[PDB]
Structures are given as structure tokens and as C-alpha cells.
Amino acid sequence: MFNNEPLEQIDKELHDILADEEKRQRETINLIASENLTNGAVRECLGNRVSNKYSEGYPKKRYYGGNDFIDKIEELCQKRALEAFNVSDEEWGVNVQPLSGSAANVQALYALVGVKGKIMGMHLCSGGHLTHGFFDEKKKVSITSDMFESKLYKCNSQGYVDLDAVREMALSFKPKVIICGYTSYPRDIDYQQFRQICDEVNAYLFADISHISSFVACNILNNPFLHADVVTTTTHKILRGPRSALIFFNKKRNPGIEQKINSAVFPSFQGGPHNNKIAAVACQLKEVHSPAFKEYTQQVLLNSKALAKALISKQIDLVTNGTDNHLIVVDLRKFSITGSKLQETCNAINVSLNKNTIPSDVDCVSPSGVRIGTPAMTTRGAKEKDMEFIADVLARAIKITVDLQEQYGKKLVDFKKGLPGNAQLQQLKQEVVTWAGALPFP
């Protein structure tokens, strides 16, 4: 007593939007530092009937039976996760149930500190995530600033983590968790110096490595597993999996952490796991461990180095004057254009990128940069020689954005009136589509 007509037939309205959405992905230069493109195999998992099963709890400790094949999938995922990230299953534990990155973080934090607990993280404006304790004078924007007591540390004037400030803050504030690993930080992290600061106050070291996960896995960047009590990561950015998250915990350093974290995920915060996710995550973690994927990840860094370098060659400034990873933050103060303006301009030419704060910005209103990254385009097969084109496109967009502002005024509502019909944008948008359309596409 069900309708099994295909999606196109059942709901032609929804299907057109989706076939359009797909075309737009295929014809966009996607420089979102947090985005990627999943392969068919990962998408086959997400469409799998395993999502029908209710499997509350953990394997061999479930509330219901019927979970024999669900148990194998969940154990396979945790196993493959520990292997991919170079950790001993005797020393490290992994929970594969969090629905997404923010959930993963709020859960792991609650586990470690509980309600009212003291946490420290990087300010949003300096490259931290919302779930690292973000609040504002007006309101406690994140649950992590409300269900926890949070203090926030900034980067210095040059866009670097200021460890002297982290210590100064940690000694006066005396928290139970110090968060590191960030959303738009273009350099590697000194976990060693974090681990030393946490020891000095007796706080846990929490590394959120969502943006750099593949680099940690593949040993291209520093390893937070040598120093952290907990490591969280999303599976959908550079790692190239489905939308899900993983919480890692150091059993050896902290006996009794395993139960705290598992009980935080369930039944404190979640109900039933999403097994289609878990399956999809397993599929990708097998690909993550191949040397073929390390090839891909090295290329993300190569493309990102070239991009930074080609952008500097065109007198465009980058925060910290370069990058150690997949992402670049472009400082736009020399052109007198805000980030939103250049985002609008780039959207108008099928260039996907986001506005982003820089060190100088007081508030998060009117950010003076944009953030770009290479995972997506590197997945689409772009190489080091292709970054000059991207850099050229961004230079032309910056110029155009400057032209339009002088004509139409500073106000965004005024600025955008200049956008539709612009012959140079139509020309440029056209140039983008011809190049992007051609690239391979999973």
C-alpha cells in the first residue's frame, strides 16, 4: 500500500529544482572551504534502506533485536575511523553516531564539563566555530555559550593564534576545556603548546579538526592525536564523506571518558542513529585509507599553495601571507570593498565563496575578507596550473566590484542594483561556465 513511481513521476515539481541545483553545481567554480562533492558510492549508501531501522544504543548493547546487520555496519565504521586516523583501538575510541559537526561538538563538550562548565575557544571573528563558545554582547548566540560558561581568545593583528594570550586567559579563567582547531584558519596548529597549557591548568584539550581532517589522517599536517584528549571531526568537508560527525576520545589519558562520551551522544542528546549516514561514512573511510586518497589530499595543498602564490602575484593580500592548508582568507581592505559585495559579485559569475572576517574587524558586521578553499575543485580535477585562471577570475571580480561600487554607491542595496545585466559579468560568468562545466563531476 505504497507508491513506488520514480521521483520524476511522483513529484515533477521537486525533481526540476533538483536537476537545476545539479546543473548549478556542475557550472560553478566552487571555492567554499567547507564543501566537496560525494561520489556515487557514498550517495548509494545515503539512499539505502538501512535508514528504516531503529537502533538506539550501541552495538551488542542495543534496546532492540533485529540489529545484527546494523551492528556489523557500526563496528566497521568505528574500526575504519580509528585506522584512517592512525590510532590504536586499544588507546582510542570513536563514536560514529553524531548527526553533524555542531551536535558532535555540543555532545563532546557536555560529556567533558557538563552544564555550567567552563570552556575556552577561538572567537568566531578570528576563525573559531559557533560551537566553540561563541557569544556576543547582545546575546549568547551558541548553546555552547549558554549551557556552558565560555571565554574566547583572539588571534593577533597578523591573524595568528596568540598562545601567550591563551595562557594569560587560561590562568585567570581556569576552565575544564580548551578548544582548538578552527573554521577559517589558514595555518597549522601548535597542539604541543596547547597540551602544555592544558596540563598547567588541568583542563582537557579538545581539537576540532573538521576542516583539516584529511591532512591529519594522511600525516601531511601535525597530528593532534599525540596531544588531545578529544578529537572531533565532520565527515563532509575535505574528508569527502556524507554529512556526519565523529567524536574521538583518549582512553589511556582518561579512563572513564568512553562511557561519558557514549552516554552524551545517547541517550543524553540523540535518539536513534541514522544508519544510512553510518553506512555512507564507512564507505568513505575505506577510500580515506587508500594511498590514492593521500594523492588527492596532497593536491588540495598543492592547489592551495599555488592559489595563494598566484593571488599574491596579482597584489592581492592573504591573511598570514599564505597558507599551510586548504584555505586562504583574502584581506580586501586595500580595495575598499567589503566581503558581502565580492561574494555577490562572485555569485553573479558562478563563483562560490563566502565572506569572512579578518584580524582588523571589530565586530562580525561588515567582514573585510572572503574565504576560499580548494577541496571541491581539486575533487573536480583542477591542477596547479588551473589556479592562475581561478586567481585571474577572482582578480577580475575584485576589479568589477570596485567599478560597480564607485558607480552605484557603498550601500549593498544600491550596489546590487548594478549587478544584473552587466556585460562584463555576463562575459565573465560565461567564461566560468565553459571552464567549470567541462571538469569531471561525480
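The term rigid core refers to the most C-alpha atoms you can superpose between the two forms while keeping them within 1.5 Å. The first residue of the sequence shown is number 1, and the count goes up from there.
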| item | value |
| --- | --- |
| Higher C-alpha RMS shift from the shown form in 7 other deposited structures of this protein - 358-366 or 196-204, rigid core fit | 358-366 |
| Comparing 32-40 with 376-384, the one whose average Cα B-factor in the PDB entry is higher | 376-384 |
| Comparing 166-174 with 186-194, the one whose average Cα B-factor in the PDB entry is higher | 166-174 |
| Which of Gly133, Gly271, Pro367, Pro224 ranks first by CA B-factor in the deposited coordinates | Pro367 |
| Top Cα B factor in the deposited entry, candidates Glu75, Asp324, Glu200, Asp317 | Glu200 |
| Ranked against its chain, the third holding the CA B-factor of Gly339 | middle |
| Entry-reported Cα temperature factor of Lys294, expressed as the chain third it lands in | middle |
| Where the record places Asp403 (Cα B-factor, split into thirds across the chain) | middle |
| Lowest, middle or highest third - CA B-factor, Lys251 | middle |
| Third of chain Cα B-factors occupied by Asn350 | lowest |
